[PDB]
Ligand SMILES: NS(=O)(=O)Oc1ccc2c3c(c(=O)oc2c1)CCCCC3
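As a starting point, one isolated chain is supplied in structure tokens, in the form solved without the named molecule.
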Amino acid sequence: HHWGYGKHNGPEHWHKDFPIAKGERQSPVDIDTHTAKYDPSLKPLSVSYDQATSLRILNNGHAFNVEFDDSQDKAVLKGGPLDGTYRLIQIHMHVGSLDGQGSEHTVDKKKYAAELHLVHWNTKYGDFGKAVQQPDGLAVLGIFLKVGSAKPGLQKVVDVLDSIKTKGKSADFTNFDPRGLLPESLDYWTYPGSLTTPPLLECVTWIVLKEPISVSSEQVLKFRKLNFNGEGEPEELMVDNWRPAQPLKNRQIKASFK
């Protein structure tokens, strides 16, 4: 079998195949707002998704993933704690089975209904594959999801979920603007971490937005209708595909806001 989120292959088994799962810079972590350090020396975050170019959306059996053309600097992330340019390559979602869970990062132990991960990689490394092998190769943008008013930017994804219900299924997803997935405020917390799924490489500079985005009940409901399984196998709803919080160790979490 493969790694996953089930009893016999979930986050608790990962360390056997990827020993780094027990490393010193593992993600996600809990964000204790009473001890996070405000650092007024962080250049403002710069999100430039003006010429963004999405390609397709896919169900790899772990989540839905929207792939982007990262051959050029069309949709990048700079500023904040980042040095250089980071190219957006993919966006996926971690969701729960209940509104009270689903996010990977937590704030004062509170879990959100879901967490969006916008994955970017350092252009000083040539490509994603080379980037994941560097302590500062990736820059992932995390956005918490909370039930409220429907998010138009997410409705685009919601409307195609039917076509990619099972593992391995993919659909064309061009003309998708990721700007519609952001909240109003760009305030964030940041700390050095890793990928949250195998190979769990400690190559990412985490940027987690303080302000979640709102999604309607109908939308969140549709985001839980996807399947972990491939067509024809016993149906396993793709819910609770999140890795719990990991030991922060001596890492310091910094806030961009007072």
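Numbers for residues come from their place in the sequence shown, where the first is 1.
Although it is not shown, the form deposited with the named molecule bound is what the next lines describe.
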Counting only non-hydrogen atoms and a 4.5 angstroms cut-off, does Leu181 reach the named molecule in the deposited complex? no
Partner contact for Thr85 in the deposited complex: the named molecule, 4.5 angstroms, heavy atom: no
Do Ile164 and the named molecule come within 4.5 Å of each other in the deposited complex, heavy atoms counted? no
Flag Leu145 as yes or no: does it have a non-hydrogen atom within 4.5 angstroms of any non-hydrogen atom of the named molecule in the deposited complex? no
Please tell me which of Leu42, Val220, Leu209, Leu195 lies within 4.5 Å of the named molecule in the deposited complex, judged by heavy atoms. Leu195
Contact set, 100-135 vs the named molecule in the deposited complex - heavy atom within 4.5 angstroms: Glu104, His117, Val119, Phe128, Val132
